[PDB]
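See structure below.
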Amino acid sequence: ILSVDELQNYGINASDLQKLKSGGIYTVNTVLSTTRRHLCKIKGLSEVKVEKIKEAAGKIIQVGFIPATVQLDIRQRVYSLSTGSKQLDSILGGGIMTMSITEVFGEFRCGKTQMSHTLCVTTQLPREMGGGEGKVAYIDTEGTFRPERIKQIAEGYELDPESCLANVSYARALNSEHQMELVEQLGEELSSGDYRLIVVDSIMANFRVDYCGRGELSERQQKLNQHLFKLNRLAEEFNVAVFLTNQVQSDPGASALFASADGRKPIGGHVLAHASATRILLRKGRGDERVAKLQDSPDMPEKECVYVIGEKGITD
Amino acid sequence: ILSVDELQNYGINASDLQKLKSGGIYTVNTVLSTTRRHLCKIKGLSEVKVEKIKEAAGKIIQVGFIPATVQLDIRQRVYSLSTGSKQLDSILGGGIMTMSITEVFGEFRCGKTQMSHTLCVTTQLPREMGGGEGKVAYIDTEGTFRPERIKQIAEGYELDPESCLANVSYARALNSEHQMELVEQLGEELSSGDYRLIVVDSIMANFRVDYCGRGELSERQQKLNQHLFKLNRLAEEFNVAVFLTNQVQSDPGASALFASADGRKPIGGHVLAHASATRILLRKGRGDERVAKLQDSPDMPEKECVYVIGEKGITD
Amino acid sequence: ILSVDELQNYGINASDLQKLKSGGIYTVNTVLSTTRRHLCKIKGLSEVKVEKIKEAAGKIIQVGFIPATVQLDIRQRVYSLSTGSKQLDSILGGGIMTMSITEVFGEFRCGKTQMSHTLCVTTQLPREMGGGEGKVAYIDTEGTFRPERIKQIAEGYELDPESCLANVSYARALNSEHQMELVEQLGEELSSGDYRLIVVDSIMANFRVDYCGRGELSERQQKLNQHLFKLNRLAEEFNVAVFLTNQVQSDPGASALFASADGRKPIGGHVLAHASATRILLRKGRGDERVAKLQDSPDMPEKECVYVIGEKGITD
DNA sequence: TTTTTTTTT
Ligand SMILES: Nc1ncnc2c1ncn2[C@@H]1O[C@H](COP(=O)(O)OP(=O)(O)OP(=O)(O)O)[C@@H](O)[C@H]1O
Ligand SMILES: Nc1ncnc2c1ncn2[C@@H]1O[C@H](COP(=O)(O)OP(=O)(O)OP(=O)(O)O)[C@@H](O)[C@H]1O
Ligand SMILES: Nc1ncnc2c1ncn2[C@@H]1O[C@H](COP(=O)(O)OP(=O)(O)OP(=O)(O)O)[C@@H](O)[C@H]1O
Ligand SMILES: [Mg+2]
Ligand SMILES: [Mg+2]
Ligand SMILES: [Mg+2]
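Each protein sequence line maps, in turn, to chains A, B and C.
Note that the numbering used here numbers the first sequence so that position 131 is 131, with each residue one more than the last.
Note that the numbering used here numbers the second sequence so that position 89 is 405, with each residue one more than the last.
Note that the numbering used here numbers the third sequence so that position 96 is 728, with each residue one more than the last.
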């Protein structure tokens, strides 16, 4: 896709282009998607300058009213991914759709971080297997990222381990304000190359700790909302898919619907429920089998599925 | 590792450096990991001052996107430890991995407060035996720390008792708010020397008593979450391993899965289940043998094991 | 040990010192051990006042990180006691260790509110006999405290009866909530003089009756947990030993391990099993001999023993 | 929006 350099040739000075780029902008879409009020806060751009920039941008590409079918065709390159279990993949329509947010949540030991580790490997595959030749960015908020597991699960897919380990990009988000800047940065390298998947293990880990003490909640929710908005922007303009791992809490409210199974009701209020495109609930079954359930999706209706976490990642 | 003194030479006044240090900060990583909102609450630092501090810090070390392999190499110094029973150690991959949280729980007289006593001794050993030349900090929340047992188990490992007893550091946490400040303090001496293991016997003993009376639960869980977050931060930035002993409760709910064996379902809700890296269940077997089970780990799958608590600590 | 009067001279008003003392506080350790949240509930102390109090306290004594050996030395005055039967005493390491909780349980006539009666007498002895020159507090929850037996067993130890009977302190706990206040009160007179042993005959007698009807269990367990916590605090800060007599129940569950000997499985759930330092099971043997077994101790491993309840208390 | 607790006979 085209960078912010193409518009360097529409009567635009190469002076603040470096300044824009410094402000986080790295392509044109991110320009069109950015608000003037926000563009005029990069400390060194002029309002009239900003208007000239916006006009140059609108020059290259336009955003009007595609009838519907050009939409159906642009969406043809939606580029789904395989999760690692034909049952689940079929329960999603192919798996983790791209340019969208999928959130999976459940109680501990529930095949969570495991599914992310497998995804990291089921992505450097030919498209006719579920994913294709895409790098992967991995932001971890709790540790528990093990390259070994990556190599292991890879061998189970006959892929050279080193090769895979050479197409992941690991970042350890220390605190929420650091996690947020991580995505800003991301917006650059996502702008050049083939990145297919972003992984946020426990998106709301840090937030839960930074803004404690209700009376401080609205601020936490607003920060989280800005974060999710940015994430979705990225996932849409770079044809990449976002995979979020969430947690759960116990409702001491009451036992009525259906009075049991407290390992539900994830954290993050409605702010995160709305912003999330697909919602999946992972529950502990029997023996070493787990039950996956699909709660929120725009494509499918609903279903149940059963999977096993073996030595080759999620399987059947 | 580098202290907070290195950044004393990047256009930083030596005035509040003492003030930072007083606030708990003792190295640079703890600086990078700290939030501005939190840094601006040390009662005597300026917001612009805080920004200059953060910039100086980011000067020394950076946190970007290691591809994956530099990660696999930095993790090479993960420095596992031996538990005292080849069967268990092999069931963990070597034992108590460093820079991570391992929680062991079970009903009484399972000697979980004995595995800690043995760990205290299996740490001042050459690395080719399971542990290496590391001091040990021991925070007890129930008493029951016996130096004698330490000397005894040591002699069983031919180590001079006095020598071992001279590399432990004992602290008696009276109440939860005191327990929390203990770790703050810890962050200092952990900053200089060779500390390999932190032990919290009955992490949730005090919490269970301080915040009683549901309707007061959320506050307890939030305090506990802050605590665990801090603990994991420490365990990660100082290459030290955290070992927590938990308790259990009886579920008067029902008898369905599998209607018996009530000595399970530890205390601490999901807040502690999630934050815990490895979970081990200790159960009473037959005669004087106990059964260890591994419920949650990111590295291994699952397994059973059998051990005996003799006169040389946990054994076979 | 030092009282709460020492801190009356660190810029502290003598106004609420009386108020603190009224709230149960009688020494400094109890101050350091008390939570602010709890201190600010004495109806007439100020939060800033509480902070000044805590600072004054921390002035006198500090609680940091003793390495280990100062611990081994402070523990040198652990001051064990003799039970009355060389076999048992040797099976404990000397007998009832001080600053700790020892619980003995078994079926009726089994020998346990008798061992308490003997302890009452084996305490006013020179230290080189098992105990030393310590008074004794006796809280009975079922009656069955007989001064006669005390005099009798004493004569068998050639001690003047009146002398012994003059160093016991008897309290009849009518109900659970009264039993709890008993210990609060205790905290005062324990603060001045030589008290070596506290005895709670049938700790859980009253609780069993007050909170009946499961659906009311959690509350009972929480009250009991607060109680045990307080007891252990006392036993630790006053170098006194706590001796609890428990009961037993029949498991209509099944007959598998080992299908007989129902006179086991005491009452009090895991809350009491955990909090208990040493656990002893008294069983009926043959003729007039009883079998003692040691189930939970931090010092010794395990063992069996045999004793006889004669006219001089527990003997061989 | 947030957060689980507890055996009996
Ligand atoms: N030297 C020893 N001294 C005391 N007990 C020993 C010794 N060696 C082995 N044991 C036995 O090993 C077991 C250890 O129990 P442990 O210390 O694990 O209790 P815990 O689980 O830590 O505490 P609790 O069960 O009260 O929460 C006990 O049965 C104990 O009697
Ligand atoms: N190679 C392996 N190493 C470790 N565990 C494995 C392996 N293969 C399968 N497992 C098992 O699969 C399960 C994976 O748990 P998972 O990694 O999903 O925890 P999580 O849900 O990501 O983290 P948490 O539950 O603590 O929030 C564990 O029970 C684990 O023991
Ligand atoms: N001087 C004495 N007076 C009464 N009984 C004595 C005496 N000396 C020995 N015994 C016997 O020793 C045993 C003591 O029983 P004990 O006092 O331990 O009952 P307990 O277990 O305390 O109470 P319960 O069993 O009702 O809960 C009884 O069988 C008792 O008859
Ligand atoms: Mg996880
Ligand atoms: Mg213990
Ligand atoms: Mg009795």
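Built from N, CA and C at the ideal position, the CB exists for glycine as well.
Cβ-Cβ distance between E471/B and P477/B below 9 Å
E471/B places its beta carbon less than 9 Å from that of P477/B.
Please identify, using Cβ separations under 8 Å, the residues of the segment 396-426 of chain B that lie next to chain C, in order along the chain.
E423, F424, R425
Near ligand 6, which residues have their beta-carbon closer than 6 Å to a heavy atom?
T745/C, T776/C
Is any heavy atom of ligand 5 found at a distance shorter than 8 Å from the C-beta of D517/B?
Yes, the Cβ of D517/B comes within 8 Å of a heavy atom of ligand 5.
Nearest-angstrom Cα separation, counted from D210/A out to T144/A:
20 Å
Tell me which same chain residues have a C-beta within less than 6 Å of the C-beta of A372/B, skipping the five on either side of it?
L323, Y326, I328
Please state the DSSP three-state secondary structure of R669/C.
helix
What first and last residue would you give for the alpha helix (DSSP H) that runs through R852/C?
849-869
Can you give the Cα-Cα distance for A261/A and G410/B, rounded to whole angstroms?
36 Å
Regarding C110/A and ligand 2, is the C-beta to nearest heavy atom distance less than 8 Å?
yes
From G763/C to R828/C, what distance separates their C-alpha atoms?
Whole-angstrom Cα-Cα distance: 8 Å.
How about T83/A and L92/A: are their beta carbons less than 9 Å apart?
yes
So that I know if they touch, is there some Cβ in chain A lying closer than 9 Å to that of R599/B?
no
What are the residues of the segment 649-668 of chain C that lie near chain B, defined by any Cβ-Cβ distance shorter than 8 Å?
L664, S665, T666, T667, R668
Chain-ordered neighbours of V622/B on chain C, where CB pairs are closer than 7 Å:
Simply none; closest approach about 17 Å.
Taking 7 Å as the limit between beta carbons, can you name the residues of its chain near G106/A, skipping five residues before and five after?
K112, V248, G263, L281, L282, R283
Could you tell me whether any non-hydrogen atom of ligand 5 is closer than 8 Å to the CB of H906/C?
The nearest non-hydrogen atom of ligand 5 is less than 8 Å from the C-beta of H906/C.
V587/B to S518/B, Cα distance in whole Å?
16 Å
Per DSSP, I376/B is paired with what?
Per DSSP, none; premise fails for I376/B.
Inter-residue CB distance, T414/B and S401/B (contact presumed, cutoff 8 Å)
19 Å between Cβ atoms; not a contact.
What span of residues does the beta strand (DSSP E) with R530/B cover, start to end?
That residue, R530/B, is in no beta strand (DSSP E); it is neither H nor E in DSSP.
Going along the segment 557-569 of chain B in order, which residues come within less than 9 Å of chain A, judged by CB to CB distance?
If the cut-off is 9 Å between Cβ atoms, the segment 557-569 of chain B has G569 near chain A.
Indicate whether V874/C and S748/C have their beta-carbon atoms separated by less than 9 Å.
no
N-terminal and C-terminal residue of the alpha helix (DSSP H) that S714/C is part of:
Neither: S714/C is in no alpha helix (DSSP H) and is coded neither H nor E.
Take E133/A and list the residues in its own chain whose beta-carbon comes closer than 7 Å to its own, dropping the five residues that flank it on each side.
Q124, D194
Rounded Cβ spacing between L634/C and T667/C (contact assumed at less than 8 Å)
That belief does not hold up - the Cβ atoms of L634/C and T667/C are roughly 21 Å apart, past 8 Å.
Between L498/B and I455/B, how many whole angstroms is the CB-CB distance? I'm expecting something under 8 Å.
6 Å
List, from N- to C-terminal side, the beta strand (DSSP E) runs of 3 residues or more that fit wholly inside the segment 793-846 of chain C.
Fully contained in the segment 793-846 of chain C are the following beta strand (DSSP E) runs of length 3 or more, in chain order: 800-804, 827-833.
When burial is assigned at 16 or more other CB atoms within 10 Å of the CB, is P568/B buried or exposed?
The residue is exposed, with fewer than 16 neighbouring Cβ atoms inside 10 Å.
Beta-carbon neighbours of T113/A, restricted to chain B and to distances below 7 Å
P614, listed in chain order.
Any heavy atom of ligand 2 inside 8 Å of the beta-carbon of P614/B?
yes
Does any residue of chain B have a CB that is nearer than 9 Å to the CB of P898/C?
no
Please classify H543/B as buried or exposed, where buried requires at least 16 neighbouring CB atoms within 10 angstroms.
buried
When the Cα atoms are used, what is the spatial distance from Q708/C to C120/A?
For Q708/C and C120/A, the gap between their C-alpha atoms comes out near 58 Å.
Closer than 9 Å between beta carbons: that is the criterion. Which residues of the segment 461-481 of chain B meet it against chain C?
Close to chain C, meaning a Cβ-Cβ distance shorter than 9 Å, are the following residues of the segment 461-481 of chain B: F461, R462, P463, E464, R465, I466, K467, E478, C480, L481.
For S100/A, the residue or residues it bridges with in DSSP:
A241/A
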